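S.K.: Okay, handing you the structure first.
So basically every Cβ, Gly included, is an ideal-geometry build from the backbone, and we count neighbours across all protein chains shown. What follows is calculated from the coordinates using simple rules that are stated; it is not laboratory data.
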Amino acid sequence: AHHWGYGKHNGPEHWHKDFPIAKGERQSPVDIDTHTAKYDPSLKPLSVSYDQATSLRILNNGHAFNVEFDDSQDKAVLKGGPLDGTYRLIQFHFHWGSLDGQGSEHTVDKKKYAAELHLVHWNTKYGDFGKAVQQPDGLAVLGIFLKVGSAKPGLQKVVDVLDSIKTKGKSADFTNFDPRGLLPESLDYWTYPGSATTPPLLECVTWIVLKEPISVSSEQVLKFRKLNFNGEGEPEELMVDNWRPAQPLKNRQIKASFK
Ligand SMILES: NS(=O)(=O)c1nc2ccccc2s1
Ligand SMILES: [Zn+2]
């Protein structure tokens with residue numbers, strides 16, 4: 001079974017041994033060089049339709065926590081932008097640092113943000129998530145940077161439940177959470193073809209990374225950093241620095257939706 005992580009012996013630099021696609025041609029995340037990203041006037045506005053999103057549960061999976069959604073019909077969908085077709089929200093999660101100066105997976109002109117939110121959606125033309133991840137256009141991940149400043153009121157419900165899912169394998173009911181409260185004002189974005197950022201690192205993702213970060217408070221992110229990678233009763237390993245660093249861009253172009 002999987003033994004990868006973000007510790008001292010099993011971290012990103014080791015993943016390729018079990019998952020050789022780690023050294024593939026379309027791996028994520030990447031550094032976004034803002035000057036080299038070309039404005040593409042053919043890119044459409046992003047359609048984020050979360051009005052009917054139905055959250056169910058929050059889970060500490062040992063590498064992050066996932067806020068899970070009922071994806072058994074088109075309730076919360078992403079379309080437009082660079083996408084063809086309709087992509088259904090399945091879960092969101094975050095990556096964050098041990099300090100505010102790191103935590104994001106994507107970087108912007110080498111800048112690291114304190115954290116990064118990933119809203120994961122699967123292409124409905126493939127019928128289920130597990131089939132979608134086997135396709136080059138199977139997933140669309142909306143990435144949103146977090147900076148530390150003013151609190152995000154829409155995040156507080158998430159923060160407050162974390163004490164109940166401290167350790168790996170714990171979950172809690174988490175209904176009625178509205179992901180719209182995690183979105184910045186602007187939907188300007190960068191897009192490129194890439195991969196999942198955790199094993200198995202499948203090359204199935206159209207990345208949509210919003211330019212505008214959301215602000216969260218230092219107290220909010222401090223509570224992320226109280227989570228544990230370990231299971232109950234095991235030696236405490238704080239869940240921090242659960243980010244994969246930037247990977248080679250290779251033969252890819254990053255496009256901008258904005259001038
Ligand atoms: N961190 S992320 O790319 O949003 C992501 N990682 C994974 C791993 C397995 C399946 C899907 C995804 S989507
Ligand atoms: Zn992620």
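S.K.: Just to check, using Stokes-Einstein with a Kirkwood Rh over alpha carbon pairs, what's the diffusion coefficient of the chain at 10 °C and 1.306 mPa s in µm²/s?
M.R.: 86 µm²/s
S.K.: A follow-up question, please. Expressed as a rounded percentage, what relative contact order does the chain have, with Cα pairs under 8 Å and six or more residues apart?
M.R.: Relative contact order comes out at 26 percent.
S.K.: OK, next. Please list log₁₀ I(q)/I(0) at q = 0.12 Å⁻¹ for region 85-155, using the Debye equation with identical point scatterers on the alpha-carbon positions.
M.R.: After summing over all Cα pairs, the log10 values are -0.41.
S.K.: What share of all Cα pairs of region 68-114, in percent, falls into each consecutive 5 Å distance bin?
M.R.: 5, 19, 15, 13, 16, 16, 12, 4
S.K.: Further question on the same structure: Counting other beta carbons within 10 Å of each Cβ, put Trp4, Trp190 in order, fewest first.
M.R.: Result, fewest neighbours first: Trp4, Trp190.
S.K.: If you don't mind, another one. Where is the GNM fluctuation largest for the chain (alpha-carbon springs, 10 angstrom cutoff): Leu99, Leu201, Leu210?
M.R.: Between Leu99, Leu201, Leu210, it is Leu99 that shows the largest mean-square fluctuation.
S.K.: While we're on this one: Among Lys44/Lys112; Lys44/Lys147; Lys44/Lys223, which pairs are too far apart, with a Cα-Cα distance over 32 Å?
M.R.: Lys44/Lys223
S.K.: Next up: For labels at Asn176 and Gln134 in the simple 7 Å Cα→Cβ model, what's the distance in nm?
M.R.: 4.0 nm
S.K.: Roughly how many nanometres apart are two label points built 7 Å out from the Cα toward the Cβ at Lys250 and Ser47?
M.R.: Taking the two extended label points, one gets 3.1 nm.
S.K.: Equivalent ellipsoid semi-axes for region 19-164, as square roots of 5 times the alpha carbon gyration tensor eigenvalues: give them largest first, rounded to whole Å.
M.R.: 23, 22, 17
S.K.: A 24 angstrom limit on the alpha carbon distance is what I want to check against. Which of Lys17/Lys255; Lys38/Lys110; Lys17/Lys166; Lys79/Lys110 exceed it?
M.R.: Cα-Cα > 24 Å for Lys17/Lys255; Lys17/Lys166; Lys79/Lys110; rest within.
S.K.: Compute the Rg to Rh ratio over region 85-211 from the alpha carbon atoms, using the Kirkwood formula for Rh, and round to two decimal places.
M.R.: Result for region 85-211 is an Rg/Rh of 0.96.
S.K.: Per Stokes-Einstein, at 20 °C and 1.002 mPa s, what whole-number D in µm² s⁻¹ belongs to region 182-259, with the Kirkwood radius over Cα pairs as the hydrodynamic radius?
M.R.: 137 µm²/s
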